[PDB]
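Inspection log for the structure reproduced underneath, given as structure tokens.
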Amino acid sequence: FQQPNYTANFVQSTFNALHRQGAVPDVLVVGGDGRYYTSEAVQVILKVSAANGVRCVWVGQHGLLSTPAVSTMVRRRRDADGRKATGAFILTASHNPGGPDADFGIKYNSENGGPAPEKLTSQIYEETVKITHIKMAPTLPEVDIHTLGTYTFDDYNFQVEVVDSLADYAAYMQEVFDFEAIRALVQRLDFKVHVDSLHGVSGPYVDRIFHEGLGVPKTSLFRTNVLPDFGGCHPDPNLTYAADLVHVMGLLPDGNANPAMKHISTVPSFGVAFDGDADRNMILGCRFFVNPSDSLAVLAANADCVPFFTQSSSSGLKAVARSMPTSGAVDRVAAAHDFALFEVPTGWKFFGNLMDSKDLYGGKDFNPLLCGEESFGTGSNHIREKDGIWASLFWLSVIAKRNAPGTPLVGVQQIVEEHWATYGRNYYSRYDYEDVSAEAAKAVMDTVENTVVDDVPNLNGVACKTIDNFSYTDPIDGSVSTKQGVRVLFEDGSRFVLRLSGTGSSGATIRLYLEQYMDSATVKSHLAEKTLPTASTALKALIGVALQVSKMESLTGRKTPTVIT
Ligand SMILES: [Mg+2]
């Protein structure tokens with residue numbers, strides 16, 4: 001794959017946002033997705049950056065730095081003459097299952113530690129394409145990024161400090177979580193764990209935290225060495241092919257399923273995998289899959305477990321936000337408690353603003369905020385990036401806050417089921433229809449809008465109302481966002497949503513989301529007394545509706561979807 005002249009134009013571009021003259025006080029952090037590139041392309045970043053006029057650069061050891069640690073280092077990290085970096089370049093694409101022929105993508109995070117605002121990122125579009133001349137000027141330095149220490153240079157008081165890529169991130173997690181209580185959980189006699197980093201930059205962190213930090217044996221953590229995959233494995237958490245973690249616990253790549261693994265004494269009670277760049281995660285139990293949304297909710301209900309939210313004489317937890325496409329199981333947790341909810345659009349910006357209210361830009365002073373998306377990861381205000389490894393420690397703290405010394409402990413399945421038993425369960429599943437004609441794709445979008453708009457009380461089920469094409473107005477900056485999903489809400493809380501995902505000319509993919517509430521067949525009785533219906537069968541109703549409504553089968557020629565969550 002190729003693109004405009006080199007890639008440095010991007011680095012030059014972000015500097016064409018920062019207007020001159022900084023002089024020599026600008027410090028930035030470098031590091032990115034494990035592999036494959038970085039090393040040979042890190043050099044490029046430094047030469048250009050130094051040719052632009054930054055004083056100092058903190059590169060991560062080996063050029064590796066997980067996104068959440070990136071934000072961490074730019075946020076809370078002051079030492080060596082005492083300096084704070086005002087920006088950072090992250091070398092990750094995240095949504096790239098491979099990288100043959102040196103495929104590449106790059107990210108930028110701003111002074112608040114989080115990703116660059118929409119204003120900045122869109123202005124870089126111009127420079128990346130319109131660049132008529134670049135400035136690098138080989139003189140020619142080529143630092144060693146694999147050895148700790150600082151390298152001071154001439155012609156411009158420049159300096160590259162290769163920093164340990166793990167100490168600060170592991171230190172932060174030790175502060176926000178009661179690691180001592182987590183130790184009691186994993187250093188017990190009836191709790192087997194299983195972490196997989198898919199040879200992702202999260203790898204080293206897993207070792208440094210789960211082994212050196214908690215004390216879990218190394219034989220539980222898997223694929224914790226960074227590598228440039230050529231014949232596996234995909235760094236995208238899902239049910240399919242990446243059914244490795246899925247299989248270990250004893251599942252099929254068809255949701256909660258079951259074959260010949262029912263009674264095996266070798267099934268871990270907790271398995272988790274991490275995204276390529278540790279920004280997103282997937283958490284599993286002994287034969288139990290936790291929907292990313294159900295996960296968000298459980299963490300919200302039992303947030304009194306981590307000191308981060310408890311200490312600082314806080315209110316306990318006053319905040320909670322989620323992408324609209326995400327299931328509303330976290331809404332019901334915001335009901336049984338008093339913390340104010342947000343249903344924002346897709347994109348992190350909104351999370352940034354909601355977080356950025358305590359220490360910047362008015363609004364609600366307190367900000368102990370939690371965040372999450374359907375396409376997993378989730379996070380909080382502790383950093384300004386979604387964090388995978390953080391969540392896994394969260395889920396440990398929750399299970400820890402159960403006290404099982406001696407007596408047997410409740411498994412994750414119960415905990416979620418208990419949580420299902422307390423607030424009721426929000427079924428969630430997503431139907432993808434890939435490679436359809438944009439004609440038919442939009443036709444389905446208009447049909448579900450238009451035909452439902454002027455007939456709100458049409459169709460089946462209960463009173464299906466509040467149907468709209470989701471628009472949202474940012475409460476902190478005042479941005480207005482539209483056409484971010486044709487909603488079709490029901491009375492009880494159920495809904496089915498269509499969202500159109502299609503970048504450029506290559507067809508499109510109808511993103512049909514399914515959500516059906518139920519508080520029946522429970523609660524408090526351990527496992528509805530063997531009447532486990534299960535989320536997949538009861539969604540058949542909502543499916544029958546949706547297709548009939550959207551005329552989806554009639555407009556596209558698709559009986560069955562491409563993907564199912
Ligand atoms: Mg990612």
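Within each chain, counting starts at residue 1; across the structure tokens, chains are named A, B, ... in the order shown, with ligands numbered 1 upward in that order.
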| field | Expected selection as an MDAnalysis selection string for ligand 1 within 10 Å, only C-alpha atoms and all ligand atoms | value | chainID A and resid 33 66:68 92:96 235:237 274:281 376:377 385:388
| request: Fewer than 5 positions away in the same chain doesn't count, so skip those; otherwise give me all residues within 12 Å of residue 189 in chain A, counting only C-alpha atoms, as a PyMOL selection string. | output: chain A and resi 183-184+216+269+404-409
| task | Figure out the distance between CA of residue 476 in chain A and CA of residue 353 in chain A, please, to one decimal in Å. | result | 6.1 Å
| query | Out of A:192, A:84, A:130, A:47, which residue has the shortest atom-to-atom distance to residue 156 in chain A when counting only C-alpha atoms? | reply | A:47
Write out as a short mmCIF file (atom, residue, chain, number, x, y, z; two decimals) with N, CA and C atoms, in the first residue's frame the residues lying within 12 Å of residue 504 in chain A, counting only C-alpha atoms and excluding same-chain residues fewer than 4 positions away.
data_model
loop_
_atom_site.label_atom_id
_atom_site.label_comp_id
_atom_site.auth_asym_id
_atom_site.auth_seq_id
_atom_site.Cartn_x
_atom_site.Cartn_y
_atom_site.Cartn_z
N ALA A 438 -25.23 0.86 -2.21
CA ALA A 438 -25.51 2.09 -1.49
C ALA A 438 -26.89 2.61 -1.85
N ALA A 508 -21.81 -0.43 1.10
CA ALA A 508 -22.02 0.02 2.46
C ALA A 508 -22.44 -1.16 3.31
N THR A 509 -22.48 -0.95 4.62
CA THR A 509 -22.89 -2.01 5.54
C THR A 509 -24.00 -1.55 6.48
#
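Here the question is which of A:54, A:416, A:303, A:221 gets nearest to residue 157 in chain A using only C-alpha atoms, and that residue is A:54.
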| Shell around residue 244 in chain A at 12 Å using only C-alpha atoms, local window under 2 positions removed, as an MDAnalysis selection string | chainID A and resid 194:198 222:223 232:242 246:253 271:273 282 284
Written selection (N, CA and C atoms) as a short mmCIF file (atom, residue, chain, number, x, y, z; two decimals), in the first residue's frame:
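See again-v5.cif below for the written result:
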data_model
loop_
_atom_site.label_atom_id
_atom_site.label_comp_id
_atom_site.auth_asym_id
_atom_site.auth_seq_id
_atom_site.Cartn_x
_atom_site.Cartn_y
_atom_site.Cartn_z
N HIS A 194 -6.65 -16.24 32.72
CA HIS A 194 -6.15 -16.46 31.37
C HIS A 194 -6.20 -15.21 30.52
N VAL A 195 -5.07 -14.50 30.46
CA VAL A 195 -4.97 -13.27 29.69
C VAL A 195 -4.28 -13.51 28.36
N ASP A 196 -4.80 -12.91 27.30
CA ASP A 196 -4.19 -13.02 25.98
C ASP A 196 -4.06 -11.65 25.36
N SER A 197 -2.85 -11.31 24.90
CA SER A 197 -2.60 -10.00 24.33
C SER A 197 -2.48 -10.06 22.81
N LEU A 198 -2.66 -11.24 22.24
CA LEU A 198 -2.67 -11.41 20.79
C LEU A 198 -1.42 -10.84 20.14
N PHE A 222 -0.87 -15.28 28.03
CA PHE A 222 -0.48 -15.86 26.75
C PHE A 222 -0.23 -14.81 25.68
N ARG A 223 0.65 -15.15 24.74
CA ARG A 223 0.95 -14.30 23.59
C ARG A 223 1.34 -12.90 24.03
N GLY A 232 -1.59 -14.72 11.34
CA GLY A 232 -2.36 -14.74 12.58
C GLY A 232 -1.58 -14.11 13.73
N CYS A 233 -2.24 -13.55 14.75
CA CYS A 233 -3.70 -13.54 14.90
C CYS A 233 -4.27 -12.12 14.88
N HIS A 234 -5.54 -12.01 14.47
CA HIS A 234 -6.21 -10.72 14.37
C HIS A 234 -6.27 -10.02 15.73
N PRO A 235 -5.86 -8.74 15.80
CA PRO A 235 -5.87 -8.00 17.06
C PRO A 235 -7.23 -7.39 17.39
N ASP A 236 -8.27 -7.88 16.73
CA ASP A 236 -9.63 -7.38 16.95
C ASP A 236 -10.39 -8.39 17.81
N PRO A 237 -10.82 -7.99 19.02
CA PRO A 237 -11.64 -8.89 19.85
C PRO A 237 -12.99 -9.21 19.21
N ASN A 238 -13.30 -10.50 19.07
CA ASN A 238 -14.61 -10.93 18.59
C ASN A 238 -14.88 -12.41 18.88
N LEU A 239 -16.04 -12.89 18.45
CA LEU A 239 -16.44 -14.27 18.70
C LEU A 239 -15.71 -15.18 17.70
N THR A 240 -15.66 -14.75 16.44
CA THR A 240 -15.12 -15.55 15.34
C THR A 240 -13.60 -15.69 15.42
N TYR A 241 -13.06 -16.61 14.62
CA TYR A 241 -11.62 -16.88 14.46
C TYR A 241 -10.72 -16.55 15.66
N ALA A 242 -10.86 -15.34 16.20
CA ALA A 242 -10.26 -14.98 17.48
C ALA A 242 -10.95 -15.73 18.61
N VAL A 246 -12.09 -17.38 23.45
CA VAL A 246 -13.44 -17.91 23.49
C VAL A 246 -13.41 -19.42 23.75
N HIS A 247 -12.55 -20.12 23.02
CA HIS A 247 -12.48 -21.58 23.10
C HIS A 247 -11.95 -22.00 24.46
N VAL A 248 -10.94 -21.29 24.96
CA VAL A 248 -10.33 -21.65 26.24
C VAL A 248 -11.40 -21.75 27.32
N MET A 249 -12.26 -20.74 27.41
CA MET A 249 -13.29 -20.72 28.44
C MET A 249 -14.30 -21.82 28.13
N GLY A 250 -14.47 -22.10 26.85
CA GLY A 250 -15.30 -23.21 26.41
C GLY A 250 -16.51 -22.76 25.61
N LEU A 251 -16.27 -21.86 24.67
CA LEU A 251 -17.34 -21.26 23.89
C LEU A 251 -17.11 -21.42 22.40
N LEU A 252 -18.17 -21.18 21.63
CA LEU A 252 -18.13 -21.25 20.18
C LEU A 252 -18.18 -19.86 19.65
N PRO A 253 -17.80 -19.70 18.39
CA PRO A 253 -17.76 -18.34 17.86
C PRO A 253 -19.16 -17.87 17.45
N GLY A 271 -11.23 -15.20 31.81
CA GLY A 271 -10.37 -14.97 30.66
C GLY A 271 -10.62 -13.59 30.08
N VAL A 272 -9.56 -12.93 29.63
CA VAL A 272 -9.68 -11.61 29.05
C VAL A 272 -8.67 -11.45 27.92
N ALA A 273 -9.06 -10.74 26.87
CA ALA A 273 -8.12 -10.40 25.80
C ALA A 273 -8.11 -8.90 25.58
N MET A 282 -11.91 -7.47 25.86
CA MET A 282 -12.96 -8.48 25.84
C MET A 282 -12.80 -9.36 27.07
N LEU A 284 -14.27 -12.42 29.68
CA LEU A 284 -15.04 -13.66 29.68
C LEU A 284 -14.94 -14.42 30.99
#
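Going from CA of residue 153 in chain A to CA of residue 80 in chain A covers 16.9 Å.
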| Residue set, range 5-181 of chain A restricted to strand (DSSP E), as a count of residues only | 32
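Across the structure, CA of residue 516 in chain A and CA of residue 542 in chain A are spaced 7.3 Å apart.
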Contacts of range 163-176 of chain A at 10 Å or less, counting only C-alpha atoms, minus same-chain residues fewer than 2 places along, as a short mmCIF file (atom, residue, chain, number, x, y, z; two decimals) with N, CA and C atoms, in the first residue's frame?
data_model
loop_
_atom_site.label_atom_id
_atom_site.label_comp_id
_atom_site.auth_asym_id
_atom_site.auth_seq_id
_atom_site.Cartn_x
_atom_site.Cartn_y
_atom_site.Cartn_z
N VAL A 29 5.51 13.12 23.23
CA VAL A 29 5.77 11.72 23.53
C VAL A 29 5.52 10.86 22.29
N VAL A 30 6.35 9.84 22.11
CA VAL A 30 6.25 8.96 20.94
C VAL A 30 6.16 7.50 21.37
N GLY A 31 5.49 6.71 20.54
CA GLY A 31 5.28 5.29 20.80
C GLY A 31 3.94 4.89 20.22
N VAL A 57 11.92 15.08 23.32
CA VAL A 57 11.04 14.01 22.88
C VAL A 57 11.19 12.79 23.76
N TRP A 58 10.10 12.36 24.38
CA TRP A 58 10.09 11.13 25.16
C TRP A 58 9.63 9.97 24.29
N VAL A 59 10.56 9.13 23.86
CA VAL A 59 10.20 7.93 23.10
C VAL A 59 10.08 6.77 24.08
N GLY A 60 9.15 5.86 23.81
CA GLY A 60 8.95 4.72 24.68
C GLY A 60 9.99 3.67 24.37
N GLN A 61 10.36 2.88 25.38
CA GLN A 61 11.36 1.84 25.21
C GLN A 61 10.96 0.91 24.07
N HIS A 62 11.91 0.61 23.19
CA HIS A 62 11.68 -0.22 22.01
C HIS A 62 10.70 0.42 21.01
N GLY A 63 10.23 1.63 21.30
CA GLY A 63 9.26 2.30 20.45
C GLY A 63 7.83 1.86 20.73
N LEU A 64 7.66 1.08 21.79
CA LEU A 64 6.36 0.56 22.18
C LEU A 64 5.74 1.41 23.27
N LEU A 65 4.44 1.61 23.15
CA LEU A 65 3.67 2.38 24.13
C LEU A 65 2.18 2.20 23.87
N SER A 66 1.50 1.52 24.78
CA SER A 66 0.06 1.30 24.67
C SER A 66 -0.67 2.62 24.83
N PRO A 68 -3.37 3.73 26.18
CA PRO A 68 -3.69 4.19 27.53
C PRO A 68 -2.48 4.67 28.33
N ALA A 69 -1.31 4.08 28.10
CA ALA A 69 -0.10 4.51 28.78
C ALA A 69 0.38 5.83 28.17
N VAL A 70 0.14 6.00 26.87
CA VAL A 70 0.50 7.24 26.20
C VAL A 70 -0.17 8.39 26.91
N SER A 71 -1.50 8.32 26.98
CA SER A 71 -2.27 9.35 27.65
C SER A 71 -1.78 9.53 29.08
N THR A 72 -1.39 8.43 29.71
CA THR A 72 -0.92 8.46 31.09
C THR A 72 0.36 9.28 31.19
N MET A 73 1.28 9.05 30.26
CA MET A 73 2.59 9.69 30.34
C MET A 73 2.48 11.18 30.06
N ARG A 76 -0.03 12.44 33.71
CA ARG A 76 0.68 12.46 34.98
C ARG A 76 2.08 11.87 34.84
N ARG A 77 3.04 12.74 34.55
CA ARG A 77 4.44 12.33 34.50
C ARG A 77 5.35 13.54 34.44
N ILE A 145 16.64 3.55 20.18
CA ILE A 145 15.42 3.59 20.98
C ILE A 145 15.27 2.39 21.91
N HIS A 146 16.23 1.47 21.87
CA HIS A 146 16.16 0.25 22.67
C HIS A 146 16.96 0.35 23.97
N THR A 147 17.60 1.49 24.20
CA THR A 147 18.43 1.68 25.39
C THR A 147 18.00 2.91 26.18
N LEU A 148 17.68 2.69 27.45
CA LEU A 148 17.23 3.76 28.33
C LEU A 148 18.28 4.86 28.45
N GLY A 149 17.81 6.10 28.50
CA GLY A 149 18.68 7.25 28.66
C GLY A 149 18.34 8.40 27.75
N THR A 150 18.98 9.55 28.00
CA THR A 150 18.72 10.76 27.23
C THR A 150 19.89 11.09 26.32
N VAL A 160 16.43 13.45 23.02
CA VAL A 160 15.55 12.29 22.96
C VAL A 160 15.79 11.38 24.16
N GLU A 161 14.81 11.30 25.05
CA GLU A 161 14.89 10.45 26.22
C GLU A 161 14.07 9.19 26.02
N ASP A 178 -7.20 -1.38 44.51
CA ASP A 178 -6.66 -1.97 45.72
C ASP A 178 -5.96 -3.28 45.35
N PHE A 179 -4.78 -3.17 44.76
CA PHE A 179 -4.03 -4.34 44.29
C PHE A 179 -3.89 -5.42 45.35
N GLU A 180 -3.88 -5.02 46.62
CA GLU A 180 -3.75 -5.97 47.71
C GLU A 180 -4.94 -6.92 47.75
N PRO A 204 3.52 -6.71 27.09
CA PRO A 204 4.44 -6.40 28.18
C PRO A 204 3.74 -5.90 29.44
N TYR A 205 2.70 -5.10 29.26
CA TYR A 205 1.94 -4.55 30.38
C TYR A 205 1.31 -5.68 31.17
N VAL A 206 0.79 -6.67 30.46
CA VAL A 206 0.13 -7.79 31.12
C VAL A 206 1.12 -8.50 32.03
N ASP A 207 2.35 -8.68 31.55
CA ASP A 207 3.39 -9.32 32.34
C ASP A 207 3.72 -8.46 33.56
N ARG A 208 3.97 -7.18 33.31
CA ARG A 208 4.42 -6.27 34.36
C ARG A 208 3.35 -6.06 35.44
N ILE A 209 2.08 -6.15 35.05
CA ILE A 209 0.99 -5.92 35.99
C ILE A 209 0.48 -7.23 36.61
N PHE A 210 0.06 -8.17 35.77
CA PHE A 210 -0.56 -9.40 36.27
C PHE A 210 0.43 -10.31 36.98
N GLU A 212 4.23 -9.48 37.78
CA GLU A 212 5.07 -8.76 38.73
C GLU A 212 4.23 -8.01 39.76
N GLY A 213 3.09 -7.48 39.31
CA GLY A 213 2.23 -6.68 40.16
C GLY A 213 1.34 -7.53 41.05
N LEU A 214 0.44 -8.30 40.43
CA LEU A 214 -0.48 -9.13 41.20
C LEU A 214 0.19 -10.40 41.70
N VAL A 306 -13.32 0.06 43.75
CA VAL A 306 -12.02 0.65 43.47
C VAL A 306 -11.85 1.91 44.32
N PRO A 307 -10.64 2.12 44.89
CA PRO A 307 -10.40 3.35 45.65
C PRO A 307 -10.58 4.61 44.81
N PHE A 308 -10.21 4.55 43.53
CA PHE A 308 -10.24 5.70 42.63
C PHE A 308 -11.55 6.47 42.73
N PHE A 309 -12.65 5.72 42.68
CA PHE A 309 -13.97 6.31 42.75
C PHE A 309 -14.42 6.50 44.19
N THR A 310 -13.85 5.72 45.10
CA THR A 310 -14.26 5.77 46.50
C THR A 310 -13.52 6.86 47.26
N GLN A 311 -12.19 6.77 47.27
CA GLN A 311 -11.36 7.75 47.96
C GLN A 311 -11.61 9.17 47.43
N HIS A 382 -9.81 8.51 34.54
CA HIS A 382 -8.47 8.35 35.10
C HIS A 382 -7.42 8.72 34.06
N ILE A 383 -7.73 8.45 32.80
CA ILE A 383 -6.92 8.88 31.67
C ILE A 383 -7.87 9.40 30.60
N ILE A 389 -6.71 -2.76 29.72
CA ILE A 389 -6.12 -3.42 30.87
C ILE A 389 -6.75 -2.90 32.16
N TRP A 390 -7.15 -1.63 32.14
CA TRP A 390 -7.80 -1.01 33.29
C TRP A 390 -9.08 -1.73 33.63
N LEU A 393 -8.75 -5.02 35.38
CA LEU A 393 -8.46 -4.86 36.80
C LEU A 393 -9.71 -4.43 37.53
N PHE A 394 -10.56 -3.67 36.85
CA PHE A 394 -11.83 -3.28 37.42
C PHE A 394 -12.62 -4.54 37.73
#
